[PDB]
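Encoded as structure tokens, the following chain is the form deposited without the partner chain, with no partner shown.
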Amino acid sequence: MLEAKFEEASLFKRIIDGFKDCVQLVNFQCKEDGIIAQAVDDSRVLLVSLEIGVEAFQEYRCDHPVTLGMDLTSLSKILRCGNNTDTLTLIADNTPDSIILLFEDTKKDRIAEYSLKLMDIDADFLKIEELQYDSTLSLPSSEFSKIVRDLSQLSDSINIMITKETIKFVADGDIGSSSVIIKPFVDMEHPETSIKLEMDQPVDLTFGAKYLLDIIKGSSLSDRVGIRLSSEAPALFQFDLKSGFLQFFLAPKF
């Protein structure tokens, strides 16, 4: 009925990581064009949205829509058992109470099979994404990961501000302060180091550093990170998949 085969289990593992620090109970809607998942934290400042396209799997077959409500902790326990390089195949016949996970390795000499029991998770799906954001911005995820990791040393809240040609991060907690200033540049070897900034309106927003910290563990899925900011809206942090993405919508501090 449903058969999704990841070329490498690391992918699913990493996706599930991006979620697990933010919530435990998540519905995975599987359909003909792939899988989506949406989940909010308890404070409802952070919404995590995932979409995994068909071409993102080595092989993918879903006969008809089916929801897989899962406990992220239980799931990650099971994922602990396979390794980053195993092929992972999720499988379910329709109207399921549980799914199956298949790791193989091609030496040789491995083929482990587990079965997770599904739960019923009550979900009211949200479509809060805006048409355009005041500023759009991309950069190496590794770089953004450091800026966050660093600045979250001084303050429990980080302030991001965009003016013409300047992106600026600032943490100013009791103990001390730091300010990173970066700017748009293309660098051809390679251009995945480059920093892109499109600004309609300048924006000056502040976020809980604790959540930014969650958001940047998606760095493992993508060389780069996209960031859309608006004055009156949750910020959108995005890591592109081969086909799809993991996105984090995060409420600016009032």
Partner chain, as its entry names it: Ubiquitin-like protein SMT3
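Numbering follows the first chain given and starts at 1.
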item	value
Given 178 to 186 and 131 to 139, the range whose Cα B-factors average higher in the PDB entry	178 to 186
CA B-factor placement of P191, once the chain's modelled residues are sorted into thirds	highest
Chain third (lowest, middle, highest) by recorded CA B-factor, residue given as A92	highest
Modelled-residue ranking by C-alpha temperature factor, third containing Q24	highest
CA B-factor ranking of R228, expressed as a third of its chain	lowest
Within-chain third of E55 by Cα B-factor, per the entry	highest
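Keep in mind the form deposited with the partner chain bound is missing from the figure; the text below concerns it.
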query: Contact test in the bound PDB entry: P191 vs the partner chain, heavy atoms, 4.5 Å; finding: yes
query: Heavy atom of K196 within 4.5 Å of the partner chain in the bound PDB entry; finding: yes
query: Distance check, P184 to the partner chain in the bound PDB entry, heavy atom within 4.5 Å; finding: yes
query: Residues within stretch 147 to 166 having a non-hydrogen atom within 4.5 Å of the partner chain in the bound PDB entry; finding: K164, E165
